[PDB]
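A.B. asks: Sequence, then structure. It's an experimental one.
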Amino acid sequence: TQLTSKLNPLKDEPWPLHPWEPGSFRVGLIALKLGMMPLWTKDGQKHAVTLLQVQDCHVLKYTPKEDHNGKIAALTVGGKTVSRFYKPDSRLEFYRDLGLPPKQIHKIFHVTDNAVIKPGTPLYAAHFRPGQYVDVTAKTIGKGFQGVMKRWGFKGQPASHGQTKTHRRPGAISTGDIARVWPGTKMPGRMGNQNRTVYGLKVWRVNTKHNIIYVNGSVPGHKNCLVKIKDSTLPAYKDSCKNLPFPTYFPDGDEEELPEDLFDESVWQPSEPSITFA
Amino acid sequence: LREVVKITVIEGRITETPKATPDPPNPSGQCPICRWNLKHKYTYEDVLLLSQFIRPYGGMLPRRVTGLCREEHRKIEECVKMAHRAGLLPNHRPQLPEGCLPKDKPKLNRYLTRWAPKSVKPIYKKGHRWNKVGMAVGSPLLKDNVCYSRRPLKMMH
Amino acid sequence: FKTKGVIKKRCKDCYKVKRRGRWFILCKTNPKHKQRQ
Amino acid sequence: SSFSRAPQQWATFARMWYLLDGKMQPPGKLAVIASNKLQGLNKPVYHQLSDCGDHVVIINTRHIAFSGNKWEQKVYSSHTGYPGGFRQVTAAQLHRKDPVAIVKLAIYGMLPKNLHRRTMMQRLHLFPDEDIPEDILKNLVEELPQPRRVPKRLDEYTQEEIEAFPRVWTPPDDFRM
Amino acid sequence: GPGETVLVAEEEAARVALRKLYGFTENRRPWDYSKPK
Amino acid sequence: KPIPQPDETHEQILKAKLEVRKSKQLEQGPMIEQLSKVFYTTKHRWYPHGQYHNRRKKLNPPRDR
Amino acid sequence: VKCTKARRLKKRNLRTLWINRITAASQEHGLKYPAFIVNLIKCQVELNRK
RNA sequence: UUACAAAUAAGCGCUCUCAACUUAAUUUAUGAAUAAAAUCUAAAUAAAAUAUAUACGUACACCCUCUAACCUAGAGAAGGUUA
Ligand code: FES
Ligand SMILES: [Mg+2]
Ligand SMILES: [Mg+2]
Ligand SMILES: [Mg+2]
Ligand SMILES: [Mg+2]
Ligand SMILES: [Mg+2]
Ligand SMILES: [Mg+2]
Ligand SMILES: [Zn+2]
């Protein structure tokens, strides 16, 4: 019931819609990492691609420019509805006022004032469009406590020729003169399970029916893990929002119902004739 | 004071000049500084005295026109540099030739500045108590000025 | 530009200037004569 | 006199709010005044064990002035603690990044090198420009004289003042000027 | 009178007045134990 | 100046400054930071001490007038 | 040993405390500490710092 | 591709990597001291110009149910999930 009530944002006193202008930043999405598959382009090259699915992505909270950071405003977006049974009452109270079921993860997006969106607004995968480069950030796979060889790529010591219980150990920590160990020295410790970002991944195709984004290459994290996806901050793709749904894509408007699958021009669609390099 | 007017025909017109205050307190002084008993009693702060020897765009006037002796010409020249660097001559700024605007970089307040700020390098190894590197303040040319302090002025800071 | 401990004029056209905190002799006729302290 | 015990004690050890204007002022002279009030060295009842310091509010810290070429010669050094973490910044560069840093650092050195120095720094309030929060304004008790008397610019001088100063020399008629 | 709050200060000032009306000021002449009579 | 008659015990002033807003009673950390800002002190002052120091404190310190 | 040496040091530290307190008091009226002390002596007033 | 002749881990496999406010040697423009159609200026000025770096951005932010079970989270603890 709560999810259906939020399906039509345009008919629920939407905040004023503003035009795009240079220097604008839109909101991003939170997606679930489905897996990988091969993808081919009209030139015959094969690209490994990761599948990102947007599940119950909604805007939750808005903070004005002054109350968060003088430079820019912030929006909190949550995805992946979860159970209500093992949650703190504070989190449940927050969602009850917002009229939504709880989400697994909250993340904050820096959005310019003109691009601000009312809380409770559903966000869909068609927000992004093929041909657009994007940035993905997620927690990396957790590998536990590890030694210097695996954590930092240390060479180690020879296996034979008399080495006495020294094969995978660190060598000398530092020099003797300073009589201490420098801060930041690389040592054995817990590896993985850190937030990392991958920059400049192209979007090859979007599936509107299931809200799947096809992103070039690898994305941090394991399968079924939530990721944060937002337009690329790389200088080359400085102003790409010019040709994208500026606040976001609203299915409620439905000016033209989108095809089930959206493709990038270079992508060789399945069901096309076999590629002959004529 | 003569000004050139162009029309090509160009001609110079001489105009009447403001006159010096008559009856100097100390007649028989060669330099105009000593005919008023100012030998060791002016500093960069005295814009009223300094301004009289300055061209409208901030340059120093030639010695043969001012009539100052070399000792006082150099003191006036150095005091003027320090006065300019202290922003005490807002109306004698350099002329902007064409299509040039002021740097717009914010101005740091400074006074008693011996050298041009552009060409002075930072002191990265300041030194310990007895090898301390000193930051020069004031000008050596004004070392003979009248001092009202118990000890001589601290030039090196 | 040769940087020398003591700077000396080398020809008639050589002239002396104080740029960026140092003394320079610059010669228009012969660039070889350019020196810095 | 004639007060009850507690009100008299409260009055004697009450802390005062002072205002310093830093426009065209050397930071060190500002530091000397502020360091004096922060410790409580302005009171006859001063004791190192009494915590009798005062609040000092300094405004226009963006518009401080240095003598000489200290803007380009005075260098502030910091170390992050990691290899290669040594930074050396000139006064102008530090002022550009933080307008308030220079005044704070001068005062910090002048306070006694003990644990109470950290507490005293809490009582120091530095504002880059004239704007002050309304609450800080209401606390203020007194403003302090500027340590350095600011020389006047030519335009500031009145027409009457200019005439008062004699015309030392006369330019000849035949001059371009 | 001094006080931590305006009401407290005003109340203290009331006592300072009453002390000066009943001649019990803190600087009043000390009691006289001298007299053998 | 005239007294500001329109609106007081020092407790009332204290309570407003130390308003209980988040999670009912705050923990030591958040509470100590609130106290430090109100009195312009550092956090370190507000932490307790162990029992060696507490038992050393005099029960009846000398009093002068 | 510390107690015995502190007996001498206590007297000197108290004098430093008095000079600081006198400087604070005299500065309130616009007088430096040397001006206050010497000119009182020149008036044949022999009040001590304590 | 090599293993656990496990649902995984690895490389020999695959993907992604960027901006510079401010500055040195040096080179130009206007221009006095110095009568010039001089002079880049530890004169007033306008610029261009290494390597640096953090002004400037990304990431992080949430406020905390936990018998217990399970987990791509993990030495323990912590952390995540519960139609
Ligand atoms: S002051 Fe007398 S010669 Fe110049
Ligand atoms: Mg691939
Ligand atoms: Mg693991
Ligand atoms: Mg090996
Ligand atoms: Mg072995
Ligand atoms: Mg050591
Ligand atoms: Mg002694
Ligand atoms: Zn030559």
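C.D. replies: Sure thing, it's come through. Numbers count the residues shown, from 1 in each chain, chains lettered A, B, ... in the order given. Ligands and ions are numbered 1, 2, ... in the order given.
A.B. asks: Just give me the residue closest to the centre of chain D.
C.D. replies: Centroid-nearest residue in chain D, with C-alpha atoms, centre = their mean: residue D:30, separated by 3.2 Å.
A.B. asks: May I have the residues that are in contact with it?
C.D. replies: D:20, D:22, D:58, D:64, D:103, D:106-107, D:147 (C-beta atoms under 8 Å, 6 or more residues apart in numbering or on different chains). (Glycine included, C-beta is placed from N, CA and C.)
A.B. asks: which element is whichever residue of chain B sits closest to chain A on?
C.D. replies: Closest residue of chain B to chain A, C-beta to the nearest C-beta: residue B:106 (19.4 Å). Counting by DSSP states H and E, there is no helix or strand that carries residue B:106.
A.B. asks: now it: how far from ligand 3?
C.D. replies: 53 Å (C-beta to the ion, to the nearest Å).
A.B. asks: What about that residue, how many residues nearby?
C.D. replies: Residue B:106 has 10 neighbouring residues, counting by other C-beta atoms under 10 Å in any protein chain shown.
A.B. asks: nearest residue to it other than its sequence neighbours?
C.D. replies: Spatial nearest neighbour of residue B:106, excluding adjacent residues (C-beta to C-beta, 6 or more residues apart in numbering or on different chains): residue D:96 at 7.8 Å.
A.B. asks: In three-state terms, label the one you found for me.
C.D. replies: Following DSSP: H, G, I helix; E, B strand; the rest coil, residue D:96 is assigned to helix.
A.B. asks: and it, how many neighbours does it have?
C.D. replies: Neighbours of residue D:96 under the rule other C-beta under 10 Å: 14.
A.B. asks: can you map out the strands along chain D?
C.D. replies: D:17-21, D:55-59, D:65-67, D:75-79, D:86-90, D:124-127, D:142-143 (DSSP state E).
A.B. asks: go on, chain C?
C.D. replies: C:2-3, C:15-19, C:22-26, C:35-36.
A.B. asks: The last one and ligand 8 in contact?
C.D. replies: Read that as strand C:35-36. No: on the criterion C-beta under 5 Å from the ion, strand C:35-36 is out of touch with ligand 8, staying 9.6 Å away.
A.B. asks: got the contact list for that strand?
C.D. replies: So strand C:35-36 is in contact with C:1-4, C:7-8, C:22-25, going by C-beta under 8 Å, 6+ apart.
A.B. asks: Also stretch B:104-117?
C.D. replies: By C-beta under 8 Å, 6+ apart, stretch B:104-117 touches B:44, B:81-82, B:85-87, B:136-139, C:21, D:24, D:63-72, D:92, D:95-96, D:151.
A.B. asks: now swap in stretch D:83-93 and tell me
C.D. replies: In contact with stretch D:83-93 (C-beta under 8 Å, 6+ apart) are residues A:182, A:184, B:108, B:122, B:124, D:66, D:70-80, D:97, D:102.
A.B. asks: switch to 7 Å and redo it
C.D. replies: The contact list for stretch D:83-93 (C-beta atoms under 7 Å, 6 or more residues apart in numbering or on different chains) reads A:182, B:108, B:122, B:124, D:66, D:70-72, D:74-79, D:102.
A.B. asks: Check stretch A:65-77 too.
C.D. replies: Residues contacting stretch A:65-77 (C-beta under 7 Å, 6+ apart): A:27-30, A:57-64, A:106-113, A:116-117, A:123.
A.B. asks: With stretch D:59-71 instead?
C.D. replies: With C-beta under 7 Å, 6+ apart as the test, stretch D:59-71 has contacts from B:108-115, B:117, B:120, B:135-137, B:157, D:19, D:21-27, D:91-92, D:99-100, D:102-103, D:126-130, D:132.
A.B. asks: all helices of the chain, in order?
C.D. replies: Went with chain A since none was named. Assigned by DSSP state H, the helices in chain A fall at A:2-5, A:65-68, A:89-98, A:148-152.
A.B. asks: wrong one, I was asking about chain G
C.D. replies: Using DSSP H, helices in chain G cover G:2-28, G:33-42.
A.B. asks: Redo the ones you listed as JSON lines? Include mean neighbour count and distance to chain F.
C.D. replies: Below are the helices of chain G laid out as JSON lines (neighbours: other C-beta atoms under 10 Å in any protein chain shown; distance: least, C-beta to the nearest C-beta, whole Å):
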{"stretch": "helix G:2-28", "mean neighbour count": "12", "distance to chain F": "17"}
{"stretch": "helix G:33-42", "mean neighbour count": "12", "distance to chain F": "28"}
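A.B. asks: For residue A:201, which of these is the nearest?
C.D. replies: Ranking those by proximity to residue A:201 (C-beta to C-beta) places helix G:2-28 first, at 68.0 Å.
A.B. asks: list the helices and strands that closest one packs on?
C.D. replies: helix G:33-42 (3 or more C-beta pairs under 7 Å, 6 or more residues apart in numbering or on different chains; DSSP states H and E).
A.B. asks: roughly how far is the helix it packs on from the heart of the chain?
C.D. replies: Remark: helix G:33-42 is offset 11 Å from the chain centroid, using C-alpha atoms, centre = their mean, to the nearest Å.
A.B. asks: Same question for stretch D:127-145.
C.D. replies: 13 Å.
A.B. asks: Mind listing what's buried along stretch A:67-81?
C.D. replies: Within stretch A:67-81, the residues scored as buried using 16 or more other C-beta atoms under 10 Å in any protein chain shown are A:73-81.
A.B. asks: Among the residues you listed, find me the one that's closest to chain C.
C.D. replies: Using C-beta to the nearest C-beta, the buried residues of stretch A:67-81 come closest to chain C at residue A:73, 46.4 Å.
A.B. asks: Once you drop chain neighbours, what's closest to the closest one?
C.D. replies: Residue A:73's closest residue in space is residue A:65 (C-beta to C-beta, 6+ apart), at 4.6 Å.
A.B. asks: Equivalent analysis for residue C:5, please.
C.D. replies: With sequence-adjacent residues excluded and distances taken as C-beta to C-beta, 6+ apart, residue C:5 is closest to residue C:37, at 7.8 Å.
A.B. asks: And residue B:75, by the same measure?
C.D. replies: Per C-beta to C-beta, 6+ apart, closest to residue B:75 is residue B:141, 5.3 Å.
A.B. asks: that's a strand at the one you found, yeah?
C.D. replies: No: counting by three-state DSSP, residue B:141 is not found in a strand; it is helix.
A.B. asks: do you know how far the residue nearest to the centre of chain D is from residue G:30?
C.D. replies: 20 Å (C-beta to C-beta, to the nearest Å).
A.B. asks: Could you do residue E:37 as well?
C.D. replies: In terms of C-beta to C-beta, residue E:37 sits 52 Å off from residue G:30.
A.B. asks: out of these two, which sits in the more crowded spot?
C.D. replies: Set residue E:37 next to residue G:30 and count neighbours by other C-beta under 10 Å: residue G:30 wins out with 7 against 3.
A.B. asks: Spatially central residue in chain C, please.
C.D. replies: residue C:25 (1.8 Å).
A.B. asks: picking up where we left off before, deepest-packed of the strands of chain C, please.
C.D. replies: strand C:35-36 (a mean of 18; mean count of other C-beta atoms under 10 Å in any protein chain shown).
A.B. asks: How far off centre is it?
C.D. replies: Using C-alpha atoms, centre = their mean, the offset of strand C:35-36 from its chain centre is 4 Å.
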